[PDB]
Amino acid sequence: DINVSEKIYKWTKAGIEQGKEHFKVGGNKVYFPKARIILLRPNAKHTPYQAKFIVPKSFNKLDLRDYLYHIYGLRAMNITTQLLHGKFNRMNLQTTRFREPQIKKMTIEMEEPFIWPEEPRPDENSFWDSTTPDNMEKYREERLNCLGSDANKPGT
Amino acid sequence: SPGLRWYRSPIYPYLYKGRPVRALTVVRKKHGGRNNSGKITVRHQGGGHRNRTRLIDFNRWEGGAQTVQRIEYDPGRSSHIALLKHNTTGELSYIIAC
Amino acid sequence: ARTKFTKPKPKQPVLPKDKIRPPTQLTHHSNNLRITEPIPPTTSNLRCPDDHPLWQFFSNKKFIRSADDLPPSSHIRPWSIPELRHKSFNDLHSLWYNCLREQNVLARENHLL
Amino acid sequence: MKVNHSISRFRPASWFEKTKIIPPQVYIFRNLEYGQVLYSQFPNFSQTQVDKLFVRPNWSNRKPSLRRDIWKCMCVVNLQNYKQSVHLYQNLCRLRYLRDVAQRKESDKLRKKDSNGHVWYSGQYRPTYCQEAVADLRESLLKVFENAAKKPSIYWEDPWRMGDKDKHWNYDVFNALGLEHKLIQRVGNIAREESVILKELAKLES
Amino acid sequence: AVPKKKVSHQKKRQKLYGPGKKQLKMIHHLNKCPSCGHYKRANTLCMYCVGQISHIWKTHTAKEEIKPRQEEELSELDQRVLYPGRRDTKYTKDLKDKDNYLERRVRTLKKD
Amino acid sequence: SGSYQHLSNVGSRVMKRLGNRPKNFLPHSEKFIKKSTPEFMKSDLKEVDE
Amino acid sequence: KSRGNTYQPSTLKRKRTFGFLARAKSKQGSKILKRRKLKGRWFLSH
Amino acid sequence: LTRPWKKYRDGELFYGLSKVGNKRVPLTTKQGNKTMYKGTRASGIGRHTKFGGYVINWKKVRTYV
RNA sequence: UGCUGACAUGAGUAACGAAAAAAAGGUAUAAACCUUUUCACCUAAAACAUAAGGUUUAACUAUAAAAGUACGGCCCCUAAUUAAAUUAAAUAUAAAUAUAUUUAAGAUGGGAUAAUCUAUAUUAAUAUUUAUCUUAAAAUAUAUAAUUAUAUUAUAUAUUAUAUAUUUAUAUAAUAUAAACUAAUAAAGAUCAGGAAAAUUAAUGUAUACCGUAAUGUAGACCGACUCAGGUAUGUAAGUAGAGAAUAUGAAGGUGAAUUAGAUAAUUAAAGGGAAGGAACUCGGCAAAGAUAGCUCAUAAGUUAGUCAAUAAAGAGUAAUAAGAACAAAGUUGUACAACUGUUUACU
RNA sequence: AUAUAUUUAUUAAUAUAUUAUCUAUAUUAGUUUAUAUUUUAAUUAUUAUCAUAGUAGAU
Ligand SMILES: [Mg+2]
Ligand SMILES: [Mg+2]
Ligand SMILES: [Mg+2]
Ligand SMILES: [Mg+2]
Ligand SMILES: [Mg+2]
Ligand SMILES: [Mg+2]
Ligand SMILES: [Mg+2]
Ligand SMILES: [Mg+2]
Ligand SMILES: [Mg+2]
Ligand SMILES: [Mg+2]
Ligand SMILES: [Mg+2]
Ligand SMILES: [Mg+2]
Ligand SMILES: [Mg+2]
Ligand SMILES: [Mg+2]
Ligand SMILES: [Mg+2]
Ligand SMILES: [Mg+2]
Ligand SMILES: [Mg+2]
Ligand SMILES: [Mg+2]
Ligand SMILES: [Mg+2]
Ligand SMILES: [Mg+2]
Ligand SMILES: [Mg+2]
Ligand SMILES: [Mg+2]
Ligand SMILES: [Mg+2]
Ligand SMILES: [Mg+2]
Ligand SMILES: [Mg+2]
Ligand SMILES: [Mg+2]
Ligand SMILES: [Mg+2]
Ligand SMILES: [Mg+2]
Ligand SMILES: [Mg+2]
Ligand SMILES: [Mg+2]
Ligand SMILES: [Mg+2]
Ligand SMILES: [Mg+2]
Ligand SMILES: [Mg+2]
Ligand SMILES: [Mg+2]
Ligand SMILES: [Mg+2]
Ligand SMILES: [Mg+2]
Ligand SMILES: [Mg+2]
Ligand SMILES: [Zn+2]
């Protein structure tokens with residue numbers, strides 16, 4: 001009667017009309033999921049109609065969509081998956097090197113737009129204020145990497 | 001070329017100038033003269049041309065009259081081979097050419 | 001190679017005026033075209049809904065909960081196992097999903113931090 | 001065998017009239033990787049179209065990959081006649097050429113620069129190219145209507161992509177025409193069932 | 001080709017510091033700049049005064065910065081949406097702190 | 001930071017080794033920590049184990 | 001003919017020859033692994 | 001200069017701190033050949049087709065009830 | 001010529017690794033970073049796409065986006081080969097183990113459908129290597145149906161006009177450059193005789209999983225202890241010229257560098273020119289110099305008959321006569337040894 | 001073609017300044033070239049770079 005992609009589109013439309021899932025629900029029923037997702041800020045390359053998440057490394061695209069539907073009530077129409085590389089890191093050169101974690105980030109497309117709330121001022125929020133920790137780090141760098149007559153050299 | 005100077009090969013115009021029947025040919029697996037150890041047992045054997053071994057009937061069991069359809073070149077033997085066709089049965093087979 | 005002796009090649013064989021076909025396309029682009037400055041997409045055209053389900057990952061629509069916005073440690077306690085033991089299955093399931101939601105909100109924030 | 005498809009050449013109005021695969025319209029495609037835009041007479045495209053547009057590539061404006069996933073439909077613009085759509089398409093190609101080769105310095109001056117004097121980027125995504133394409137589309141359409149029933153329309157991927165309905169898109173000629181700025185229905189996977197959606201749109205205005 | 005012995009303290013020092021050729025000389029040929037009453041080299045321009053004049057020229061003969069209209073008239077929210085922030089690399093950060101590795105010119109003493 | 005370490009448990013053995021430093025090289029470990037910390041942060045009293 | 005570049009990496013080959021599972025599968029490799037464990041080795045194989 | 005603050009030849013690398021390191025460390029998805037497929041425990045979902053495709057088996061797909 | 005550590009000496013000496021830089025401004029902080037202009041270098045690359053590799057080096061943490069069609073893996077299939085696996089008694093064996101057979105693994109290879117866009121599931125039933133000539137056909141001109149000379153000759157698409165199903169389909173006719181190149185077709189020459197393995201109709205399905213994707217890749221991002229003139233796989237590689245991927249130039253793109261500025265003694269290296277002479281040099285013409293077409297002609301003695309000798313030497317035509325880019329092209333002979341093309345001491 | 005001035009009855013004519021000599025479609029898949037169509041898409045003076053200082057003759 002009709003092609004496969006068209007049938008799929010029709011099914012999706014029907015599910016939307018229903019207010020049921022816009023996708024075939026699986027049979028492997030997870031009652032108590034332990035997976036968390038980190039809603040990320042949007043990059044320049046994305047639109048207001050997209051949202052990107054850090055998800056579990058063993059999280060499926062379909063699984064994510066299901067999670068978004070049932071936990072939150074949001075319906076992701078299209079989903080992409082970006083498994084990042086794990087660059088080598090080490091505490092110091094005396095320690096063994098190992099990779100940082102491969103981290104899975106899934107973009108979604110959604111039928112209504114969204115823009116984040118504006119990040120707070122330094123005076124307003126206590127935590128979101130990068131001056132202090134950065135200063136502390138700088139001071140640590142100065143003190144450990146200070147050698148001889150740079151002990152007398154005044155602090156930055 | 002000076003390599004051509006002493007190249008003699010006997011001409012057989014009646015000989016077949018086509019491929020052998022593919023059902024009667026098996027691959028001729030190369031060894032380089034190496035046994036199951038992987039060590040050269042037989043010296044001086046190596047990378048020739050690719051070949052197919054031909055399944056030629058030495059036993060000659062079936063019986064009944066068979067017509068020689070063609071006589072071929074065979075790379076794995078000095079003799080020519082003759083493609084027989086059984087007159088009654090229609091079964092095809094190779095045989096050392098007389 | 002090119003040399004003193006190389007005579008120039010003949011010109012390519014052109015097809016006569018009468019024999020050449022007229023091209024399928026006659027009228028091309030406008031000559032008046034002008035490079036205008038770009039038109040950057042604006043939020044004014046959007047109507048981001050006040051109850052967009054992605055707000056559920058925030059708490060009171062705050063980019064980050066301050067120390068005052070957070071629940072203090074003395075006021076808050078985790079559930080006791082005995083307390084949980086006399087709760088219904090559906091209730092427990094709901095509690096679990098609320099917990100998970102809270103973690104997600106915190107996880108987003110924690111990551112940012 | 002048959003080598004050429006509909007996409008394999010430039011198709012004039014007469015060819016379209018003979019065939020009638022799609023209505024009189026032009027398709028526009030964002031590049032999710034780099035932010036570059038790709039115009040086409042058809043809902044599909046090939047390497048030939050890419051070659052035609054991306055003629056002078058550099059580090060800033062690299063010749064894009066033909067991988068199908070990173071290409072996504074920015075805008076589907078419908079017009080009153082096949083000939084008109086062809087003319088619009090030609091105008092867009094001309095504008096692109098001007099920006100890349102002929103009047104490149106002027107275009108560069110017009111763009112947004114970052115510190116260290118480069119055209120603003122995030123990764124290899126440059127958001128100026130899309131903006132230029134919208135501005136170029138607006139220009140080409142305007143020229144077409146100056147040169148010059150169905151009310152023409154521009155089906156957008158996204159309503160946000162307009163600069164502003166007051167500042168731009170409110171010329172007298174457009175208003176006279178009845179240029180309806182519609183958007184494509186997102187009741188399904190927009191990226192995956194894109195071709196189906198485009199077909200449905202094509203069917204709608206015929 | 002090769003030293004036959006450990007060269008002594010005496011012999012390395014008389015080699016290095018004994019000859020006047022190898023020593024540093026006093027810069028006797030300083031004199032007053034007429035524009036600002038400070039030390040400068042003889043038969044040389046004052047680096048302060050010429051620098052000041054160069055600065056003046058820059059301030060006057062200044063090619064105007066190109067601010068595109070469309071970016072100048074963006075809303076703040078809209079601008080944030082379009083052009084979000086980013087983490088700079090370690091190298092980039094190092095490059096940014098120019099005062100760490102870039103030497104500004106010192107002023108000379110006032111002549112008497 | 002720009003870390004991503006906090007979303008995982010990578011290089012676990014190395015972390016254990018660092019975390020569970022031998023107690024006889026505890027002065028060595030804390031000497032550099034003391035140096036790093038400013039005067040208003042640092043405390044004189046010994047940071048006892050859990 | 002300049003020497004020195006005798007190592008010519010190719011992950012697949014390395015894993016075939018010196019990978020953990022190759023060691024495990026052979027008796028000799030299993031013995032090696034055991035020996036490394038006894039020594040105290042952090043990294044038993046590629 | 002690779003970096004303008006370092007005019008002279010310190011023993012600093014073109015990138016990173018040390019070239020050398022422990023080579024014997026488990027592979028990731030990014031490493032290896034074109035044929036090297038690690039996977040991330042994400043998709044024991046359906047079944048691989050004879051032709052190279054894939055067919056989801058929905059009774060073996062995770063819902064979050 | 002003890003071991004470890006620390007610090008001297010040579011010495012502020014050599015060296016800073018094939019290199020084209022200049023100004024203005026960012027910035028009254030720049031030989032070295034960024035921008036603009038000028039200049040140069042690479043250009044069948046120092047470009048653009050990729051493979052492998054690797055401390056992610058990237059245009060970066062707000063990070064490399066795939067149901068599939070000039071998208072790869074995964075998957076199906078197997079090659080080379082591998083396997084504490086497989087078969088009262090498979091066979092052999094001081095143990096280890098080894099052999100044969102099964103099964104399983106194993107890419108460097110094979111794998112349906114597709115812009116008209118395409119649908120992969122389940123159930124049921126019975127292809128070494130090379131070549132495209134000659135003839136023949138019709139076409140275009142000269143001469144008087146047939147001769148002479150010249151190209152053309154299997155496929156690839158839009159247009160227009162017809163005839164049949166009914167503006168969508170099928171077939172026919174006519175219109176339309178040259179030179180390379182591709183794929184697919186056909187016919188076929190040579191001996192060295194050219195992989196393996198995995199069905200079709202009908203009904204019922206199909207909500208399309210995972211992993212790769214940055215940049216670098218004749219290299220500062222791999223292998224060489226170094227940001228090492230070494231080693232490193234594949235495809236495009238603007239035109240003008242040409243037999244050509246030779247050679248010159250260089251449209252575009254990329255680049256001009258962890259050393260600079262001056263001075264340029266002796267001396268060294270790598271180049272350019274040289275009166276009169278022309279091997280007198282030297283173990284030795286080593287080194288350097290030496291090309292009067294590269295196309296078309298023509299080309300000897302000897303000889304194993306192979307234009308082997310030959311790309312013969314000389315020589316001719318075209319071009320040039322005072323000369324006036326690069327690159328290809330560098331004599332003739334006698335003797336000793338070895339038939340010849342090959343192979344050899346990676347580094348004398 | 002644009003910008004700035006002058007005349008004329010925004011237009012045309014003149015003067016000065018700046019920029020431009022591209023582009024697109026046909027000839028049966030691709031590339032180049034050629035011609036045709038399309039477009040305002042120019043041919044003389046004088047320079048420079050590169051090819052061993054490009055080569056050569058003088059100096
Ligand atoms: Mg992916
Ligand atoms: Mg023998
Ligand atoms: Mg798709
Ligand atoms: Mg080594
Ligand atoms: Mg090592
Ligand atoms: Mg790799
Ligand atoms: Mg796939
Ligand atoms: Mg002693
Ligand atoms: Mg000395
Ligand atoms: Mg000296
Ligand atoms: Mg020196
Ligand atoms: Mg400056
Ligand atoms: Mg060459
Ligand atoms: Mg198998
Ligand atoms: Mg393969
Ligand atoms: Mg890559
Ligand atoms: Mg890329
Ligand atoms: Mg590249
Ligand atoms: Mg190198
Ligand atoms: Mg290395
Ligand atoms: Mg070395
Ligand atoms: Mg060329
Ligand atoms: Mg150039
Ligand atoms: Mg490069
Ligand atoms: Mg250098
Ligand atoms: Mg002389
Ligand atoms: Mg002379
Ligand atoms: Mg002598
Ligand atoms: Mg002599
Ligand atoms: Mg010589
Ligand atoms: Mg003779
Ligand atoms: Mg030569
Ligand atoms: Mg010999
Ligand atoms: Mg040797
Ligand atoms: Mg063609
Ligand atoms: Mg013109
Ligand atoms: Mg050059
Ligand atoms: Zn002064």
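Residues numbered from 1 in each chain as written, not as in the entry; some residues may be left out. Chains lettered and ligands numbered in written order. Part of a larger assembly, values for the part shown. Heavy atoms only, no water.

Method of structure determination, per the deposited record: cryo-EM was used for this entry, reaching 3.75 Å resolution.

Summing up its helical and strand segments, chain G has three helices and zero strands in all. Put simply, chain G runs from its N terminus to its C terminus through helices and strands in the order α-α-α. Along the first, second and third principal axes, the C-alpha atoms of chain G reach 40 × 20 × 15 Å. Classification of the 46 residues of chain G by burial places 15% in the buried group. Accessible surface computed for chain G: about 4200 Å², of which carbon and sulfur atoms make up 54%. (Helix = DSSP H or I, 4+ residues; strand = E, 2+ residues; numbered from the N terminus. Buried < 20%, exposed > 50% of the residue type's maximum accessible area, 1.4 Å probe, protein only. Areas by Shrake-Rupley, 256 points an atom, 1.4 Å probe, with all protein chains shown as cover.)

Contacts to RNA strand J come from 19 residues, most closely from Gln12(C), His28(C), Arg9(D), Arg94(D) and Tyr97(D). Across the atoms of RNA strand J situated within 4 Å of the protein, the share located in sugar and phosphate is 83%. The contact in question runs from a phosphate oxygen of RNA strand J to an N or O atom on the side chain of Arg21(C), over 3.0 Å. One of the side-chain nitrogen or oxygen atoms of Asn4(D) is found 3.5 Å away from a sugar or linking oxygen of RNA strand J. (Near = heavy atom within 4 Å. Polar contact = N/O pair within 3.5 Å; in protein donor to acceptor, adjacent residues only side chain to side chain.)

A word on the protein's contact with RNA strand I. What surrounds RNA strand I is a group of 175 residues, the closest being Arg68(D), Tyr4(F), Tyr7(G), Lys30(H) and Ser43(H). In this structure, a base oxygen belonging to RNA strand I sits 3.3 Å away from a side-chain N or O atom of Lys98(E). The contact in question runs from a phosphate oxygen of RNA strand I to an N or O atom on the side chain of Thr40(H), over 2.8 Å.

Before going further, it helps to spend a moment on unusual backbone geometry. Positioned with a positive phi, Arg60(B) is a non-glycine residue whose angle comes to about 65°. Within the secondary structure layout, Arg60(B) lies in the loop between β2 (52-54) and β3 (66-72). With a phi angle near 60°, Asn60(C) is a residue other than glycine that sits in the positive phi range. Of the residues examined, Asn60(C) reaches a relative accessible area of 74% and is grouped as exposed.

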